[PDB]
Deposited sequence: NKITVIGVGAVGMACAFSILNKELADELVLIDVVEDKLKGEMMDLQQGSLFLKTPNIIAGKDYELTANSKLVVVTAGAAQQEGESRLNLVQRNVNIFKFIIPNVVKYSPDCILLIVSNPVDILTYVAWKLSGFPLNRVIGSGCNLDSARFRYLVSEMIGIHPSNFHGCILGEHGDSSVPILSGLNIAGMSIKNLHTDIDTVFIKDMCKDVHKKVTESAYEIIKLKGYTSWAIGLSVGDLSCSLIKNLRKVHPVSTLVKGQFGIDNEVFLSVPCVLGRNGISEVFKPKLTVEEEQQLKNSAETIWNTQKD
């Protein structure tokens, strides 16, 4: 597994993927000094993880046949699953798809948003979060609650999931831990779980759209299948809108 960009995200993705014991080999990929210092800080806690190979560098060649490449490449891993994380995701998931030529190109989307959005709702109801099911489609403020899975009530909970990330950046400057965890996705991909996550891909032809995060089944081949739901007129109408 490869993870490019050792910003606070790349490390919380790298540190979370490592706690999941997902890779036999983790590659961190332009600031040479920084990269080697992080690699050796991980390598020093190898006992407390299950990954005997952690190596960083500036040479993409180290990204050789790397089944998963988390982006926070084609040349050396022409077969890899691309997983984009860089913030303006839905757009940059278009970008990558068009740069790589790959068929294996996924963006974090609203996996994390729908993740907290769930926690909060169950938190209010007093139900274990695993037993409440409900998602957020659309772009990672324009997120679109699929209430069909009180109008002003659920919008309110959603409101708190929008202002959240924003207010986080004011205080911190970036989300590091929150998106490291949700990157959950590496888990399902590697282990071929065929689980369903709201992730960003092409939705042209859905919701009348002719030019985002939809529920997709994830496995060792990436998205094996995309859902084409028949949602409510407004929900669907706000899909065109979030697209816009």
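Not built in the structure, per the record, are deposited positions 1 to 2, 32, 76 to 103, 135 to 136, 174, 184 to 202, 237, 266 to 268, 302 to 309.
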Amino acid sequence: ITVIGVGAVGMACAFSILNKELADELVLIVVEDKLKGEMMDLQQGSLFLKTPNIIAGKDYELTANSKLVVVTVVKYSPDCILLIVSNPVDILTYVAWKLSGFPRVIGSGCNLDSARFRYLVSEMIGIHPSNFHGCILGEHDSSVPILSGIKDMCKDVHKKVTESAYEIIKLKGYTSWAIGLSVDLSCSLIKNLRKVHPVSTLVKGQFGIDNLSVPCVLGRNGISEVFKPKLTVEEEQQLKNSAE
From here on, numbers count along this sequence of modelled residues.
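The mean Cα B-factor in the deposited entry runs higher for 75 to 83 than for the other of 115 to 123 and 75 to 83.
The stretch with the higher mean CA B factor, choosing between 30 to 38 and 191 to 199, is 30 to 38.
Per the deposited coordinates, the residue with the largest Cα temperature factor out of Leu47, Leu185, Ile209, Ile179 is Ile209. The PDB entry assigns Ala64 a C-alpha temperature factor belonging to the highest third of its chain's modelled residues. In the PDB entry, a CA B factor belonging to the highest third of its chain's modelled residues is recorded for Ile150.
In the PDB entry, a CA B factor belonging to the highest third of its chain's modelled residues is recorded for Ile91. For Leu239, the recorded CA temperature factor ranks within the highest third of the chain's modelled residues. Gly101: CA B factor in the highest third of modelled residues in this chain (values from the PDB entry).
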